[PDB]
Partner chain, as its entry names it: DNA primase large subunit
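First comes one chain, alone, set out as structure tokens in the form solved without its partner chain.
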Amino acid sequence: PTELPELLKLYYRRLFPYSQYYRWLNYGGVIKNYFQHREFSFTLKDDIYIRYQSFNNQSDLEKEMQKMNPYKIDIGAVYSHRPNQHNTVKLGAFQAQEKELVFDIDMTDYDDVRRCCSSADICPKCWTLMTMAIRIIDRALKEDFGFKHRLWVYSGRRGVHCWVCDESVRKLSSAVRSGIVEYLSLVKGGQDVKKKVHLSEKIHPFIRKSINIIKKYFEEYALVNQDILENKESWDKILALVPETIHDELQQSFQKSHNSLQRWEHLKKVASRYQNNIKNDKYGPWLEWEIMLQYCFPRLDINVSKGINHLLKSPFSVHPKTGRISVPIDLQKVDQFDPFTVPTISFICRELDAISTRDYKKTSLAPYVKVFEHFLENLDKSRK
């Protein structure tokens, strides 16, 4: 904590990838005042922050960042005027106009289905949730919606962010954004609700494909690492998600079995023989899927995404509570992403001057900048 000022000064002077950052938020300079009308919000010492900050170009941003040395950096929306001049504008005229479509996934939202961590804690046993969350959401954005430019970022403590930056996506309204969220959402209800997933008879392709993703991980994550069917205290939470008329049949089988794998197979067979609708003789795995979805499907903080003017932490900003750097995630190596090897600001400041040019390529931050650059090159191609 007390070390942050001098470390931040070195970080913002020799390590922050300014050229790549400007390339991103300038979007080729094709539109006028697109970067000049962008809100940045800097958090300083003592939880003090300033909103409606904007800059004229890359140089002006470098000088202001090296002058303020903010603990945290938030990106806002592109406004109708210079945010830093918003007080000169007549009331009602200053309006948010465009912003990337953003998603924020917090591991805390899985506390009800996590047996290893709680609150802002994370560990390798439960990080697979984020692995599934990236694969499920990113597929839907890419394949179902046609979005081509998606930057996934480690938030620095307990989850991940996604920046969808296609120029028409940046123009979407709040209504369409919330509609996209609704399309993507399946786990609904707070701690009040016991069963948070309910499927229809007809399965929409989105649901099928997400389930097929979860099936690739469910054994190692849920039945081994989490051991969701370890004892009665654990498998009673799953029995709370199925009808009561099959509790007894499962209770016995679980006690006769010895581990979660066997008990899960019993659950699948029993659930597939349960008769939902007495009119027809139709049976299926709806319950099986509802359980898997309730334990593995992305839980999206809905309000982050519907608001055009919502602030989100900038990539390559530091998390002031962990010292970690918000780094992009290599989509080609999503399963191998290890949040516990993400460098802290102290670590890369050490690597810079550690004896065995003086920039980020001399540290462990480089490969993450390469991920960011591949993202930027795809954007450049889309413009040509």
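Residue numbers count along the first chain shown, from 1.
In what follows, reference is made to the form deposited with its partner chain bound, a form of this protein that is not presented.
Novice: When its partner chain is placed as it is in the deposited complex, are 185, 202 and 209 each within 4.5 Å of it, taking any non-hydrogen atom of the residue?
Specialist: Heavy-atom distance to its partner chain in the deposited complex: all three under 4.5 Å.
Novice: Just one of 171 to 179, 74 to 82, 233 to 241, 309 to 317 has residues with a heavy atom within 4.5 Å of its partner chain in the deposited complex, so point it out.
Specialist: Stretch with heavy atoms near the partner: 171 to 179.
Novice: Using a 4.5 Å heavy atom cut-off, which residue among 265, 144, 98, 227 comes into contact with its partner chain in the deposited complex?
Specialist: The residue from 265, 144, 98, 227 that makes the contact is 144.
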